[PDB]
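Down below is the structure, laid out as structure tokens.
Values reported hereafter were calculated over all heavy atoms of this structure, with side chains retained and with hydrogens, waters and symmetry mates removed. Read the numbers this way: they start at 1 and go in the same order the structure lists the ligands and their atoms. Lettering of chains follows the sequences in order, A, B, ..., and the numbering in each one begins at 1.
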Amino acid sequence: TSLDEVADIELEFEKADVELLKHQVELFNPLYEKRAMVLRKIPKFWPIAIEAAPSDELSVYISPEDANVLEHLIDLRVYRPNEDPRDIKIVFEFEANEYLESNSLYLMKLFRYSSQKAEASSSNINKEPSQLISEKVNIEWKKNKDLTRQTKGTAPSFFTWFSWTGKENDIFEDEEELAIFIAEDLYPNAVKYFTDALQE
Amino acid sequence: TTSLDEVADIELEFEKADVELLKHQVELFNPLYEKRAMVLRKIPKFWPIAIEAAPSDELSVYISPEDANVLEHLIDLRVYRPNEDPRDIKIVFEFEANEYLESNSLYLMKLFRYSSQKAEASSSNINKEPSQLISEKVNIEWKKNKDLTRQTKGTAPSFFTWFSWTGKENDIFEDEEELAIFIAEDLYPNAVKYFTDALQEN
Ligand SMILES: [Ca+2]
Ligand SMILES: [Ca+2]
Ligand SMILES: [Ca+2]
Ligand SMILES: [Ca+2]
Ligand SMILES: [Ca+2]
């Protein structure tokens, strides 16, 4: 009987959580926009910030030649553009380079919050979250230069992340955690990581 | 470059916005937390059950068998943000009478204050080894031969030494602040989810 009540109260919490996120989005959207314009003026800001971010959340998924592509990353943006603020849109923008084709210099991936999937899950949302789905983002690599190719001897690539959908039965992955890390840690804290790299 | 100067300016805007956001969070959730607490107090052993169900590596690992005996009598846990700076956190443990705590130590309230200067020596340690909080020792009176926090040789490690932590020592090698933040930002807001999970696994 008290479990009933507890259940109802928890629904308001969930409701309040989404409202808070909505306010966050409205509040920080102009700031991120302002910050974006300055950061674009700072050469190699993003590859530096990525490298300085916690190893076990990011760099561990990044190979030397992955880093070579990422050295040409001139912009990183994260948006919460939809009615559900839990949807996250991540944008990578590269300058022309030896690895990517010009048609693939602007890479956008959308992660949608999936109520059905989130309810279905039993795992701790901070440990192994199971809530997001996405569509494949195609990348065309220049000849000889495809880092995501599935052949023997080829280093595992950061860039396979872009093909992730979250639609399989797979509680054993890191792609959703990476998305959340980029959205909720790397992007907001990017200047702090960059600043740390600079001190030595 | 001039660019790095602008970045510093913007960062300050972010920190202000982040504090403003938190104040909104406090006004929005405080009434919900009060209502929830009322209902939790009539669910027997809610808190020790939610604690046991919390991630092992965040809480359980610091709790000894004897610690768990004390925690079995935890009837209320509250977290507040009562100061002008919403980053200050006040954590309240309320126990029923038991064989460990003198009756004058059944209401244990620990205040963590956000330290501006401490935070900016450790700016990139945001979620891995935060170093931003300071606190006052919380005195606990234990019944005779029941002081789990004794520093006698051979004495098993105890969760309850957490209450004496201050964060004013030169010590970047700690778990006490991370425990504070886990309690304030994970255990307390997600307690029901933790309790529910424990109940589906019986
Ligand atoms: Ca997998
Ligand atoms: Ca995978
Ligand atoms: Ca994982
Ligand atoms: Ca220490
Ligand atoms: Ca630690």
Check the side chains of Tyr193(A) and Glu51(A) for a donor-acceptor pair under 3.5 angstrom, ignoring hydrogens and angles. no
So, is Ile172(B) placed with an N/O/S atom under 3.0 Å from the Ca ion (ligand 4), counting both backbone and side chain? no
In terms of relative ring orientation, are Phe160(B) and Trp142(B) parallel, tilted or perpendicular, with 30° and 60° separating the classes? perpendicular
Name, closest N/O/S atom of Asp171(B) to the Ca ion (ligand 4): OD2
Is the distance between the ring centroids of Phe112(B) and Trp162(B) under 6.0 Å? yes
Which atom name would you report as the N, O or S atom of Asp174(A) nearest the Ca ion (ligand 3)? OD1
Is the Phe92(A)-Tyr106(A) ring centre distance short of 6.0 angstrom? no
Check all N, O or S atoms of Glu177(A) and name the one closest to the Ca ion (ligand 3). OE1
Please calculate the O(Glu173(A))-the Ca ion (ligand 3)-OE2(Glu128(A)) angle and round it to 10 degrees. 140°
Are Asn125(B) and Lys128(B) close enough that a side-chain donor and a side-chain acceptor fall under 3.5 Å? no
